Amino acid sequence: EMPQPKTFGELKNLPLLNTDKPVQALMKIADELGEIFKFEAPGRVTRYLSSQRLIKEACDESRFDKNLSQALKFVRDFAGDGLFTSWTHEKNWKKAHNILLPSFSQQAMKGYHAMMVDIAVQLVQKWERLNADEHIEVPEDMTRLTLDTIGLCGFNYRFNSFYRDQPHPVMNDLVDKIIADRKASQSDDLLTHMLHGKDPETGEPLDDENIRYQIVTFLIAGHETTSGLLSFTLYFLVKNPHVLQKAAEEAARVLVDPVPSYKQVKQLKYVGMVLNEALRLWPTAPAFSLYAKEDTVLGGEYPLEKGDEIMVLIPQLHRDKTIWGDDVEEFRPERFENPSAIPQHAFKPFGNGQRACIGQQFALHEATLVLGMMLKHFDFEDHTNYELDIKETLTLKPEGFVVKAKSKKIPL
Ligand code: HEM
């Protein structure tokens, strides 16, 4: 019989999620109940999976396909059948995937690099211009960077977040504007492919209504999880000075020019390890949902019926001691020295299979470029001895994380 947490009469397990930190609560429950537990609400049921041994089965695309969780069904009210909130069987999913994938590879990443540097330089200038004893609000500045970068690299649109105190402000006029601005403009960017690319399979381009949903989808998915990653990784860096020393040394040895080239970002191997170890501990889109395509038995013991939902709790997967060793709470980038050594389906911060994160290379190239520049240009201090406090929205972020940065005075 499947483990299940405490209940609340006819509300079953629902009130367990009446908390501003539901994924953290679910991790505690998984630590209590193990690799799988049932979670019941009035009218619905799901099973939360935490072990590599079960999650590797869940990731078998012949048996399970992406499900839209509760949260995603609400997000679909405004992101529609854009890539993130479409079902795999909806015609617009594979069509858009085919149209947009060439935008997110590599020839593409070289073409985005210069506009990424545009926004990263604005970040570094902001910090160079701080006076003595002022501090940095980390998640806030990371979000200014990530929003501006997806806006510029993807849509040639400047949110100008660094010119603002309060985050950028609606959605329709913005979308309307991004489109109008482009009609009136010559780019080769994400919005280019949205407007002119044809799916080689169907021969069709995206229609107007789905183009609007994709812009909404990318503006959101294109920045919040990346802000969270950069913020957690700066937190782990300031809590682990020897790691910061190694990363800062690599940045100094590698970034020998006033601004980084694409090739130099790729050479930041140890920065790439640090980012993956942050993704291990706090994967910023921490859960994804699947449904059973047909009746099937999980782990030889848990029969599922067609349409049964499962949730992958990624932070708990990333703490599976049978895979990672006993020291899973420790921050050790050396875990990622050779990505080949990581067992299949043990590390899934970008989801799974054909429904995996389309933006993974973009996010990693942005994050590595920016952290490299941060580490080249400043020494950082955890002046408040900050206590990790993780705020949950769609994503995860270290709320109130602040540091001081002292400039190495290296020309930019
Ligand atoms: C440039 C930044 C990013 C962009 C533009 C982006 C975009 C997207 C899109 C459009 C999808 C849906 C893909 C599809 O199903 O066809 C997706 C999926 C996903 N992304 Fe990203 N993403 C970005 C960064 C990130 C980061 C930093 C993380 C995690 C640390 C992340 C984690 C995920 C996960 C876990 C999924 C699968 C979600 C699910 O299965 O329901 N993404 N992303």
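Sequence positions, counted from 1, serve as the residue numbers for this chain. Basis for what follows: all heavy atoms, side chains included, without hydrogens, waters or symmetry-related copies.
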Relative to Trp127, does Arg144 satisfy both conditions: NZ or CZ under 6.0 angstrom from the six-membered ring centre, and within 45 degrees of the ring's axis?
no
Is it the case that the side chains of [Y] and [X] hold a donor-acceptor pair, with the cut-off being a distance below 3.5 Å and no angle test?
| X | Y | result |
| --- | --- | --- |
| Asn338 | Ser340 | no |
| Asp257 | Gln264 | yes |
| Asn92 | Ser86 | no |
| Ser103 | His193 | yes |
| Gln361 | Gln106 | no |
| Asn210 | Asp81 | yes |
| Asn240 | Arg332 | no |

Main chain of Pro315, side chain of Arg319: is a donor-acceptor contact present, judged purely on distance under 3.5 Å?
yes
Any donor-acceptor N/O pair, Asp308 side chain to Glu305 backbone, under 3.5 Å
yes
Give me the ring orientation class for [X] and [Y]: parallel if the planes are under 30° apart, tilted from 30 to 60°, perpendicular past 60°.
| X | Y | result |
| --- | --- | --- |
| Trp87 | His89 | parallel |
| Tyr262 | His113 | perpendicular |
| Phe347 | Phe336 | tilted |
| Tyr386 | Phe401 | tilted |

Does anything in residues 23-39 pair up under salt bridge (charged side-chain N to carboxylate O under 4.0 Å, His left out), and if so which pairs, sequence neighbours excluded?
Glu35-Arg53
Atom NZ of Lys91 and atom OG1 of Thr202: how far apart are they, to the nearest 0.5 Å?
6.0 Å
Pairing residues for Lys56 by the side-chain contact (heavy atoms from CB on, under 4.5 Å) criterion, not counting sequence neighbours:
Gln52, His345
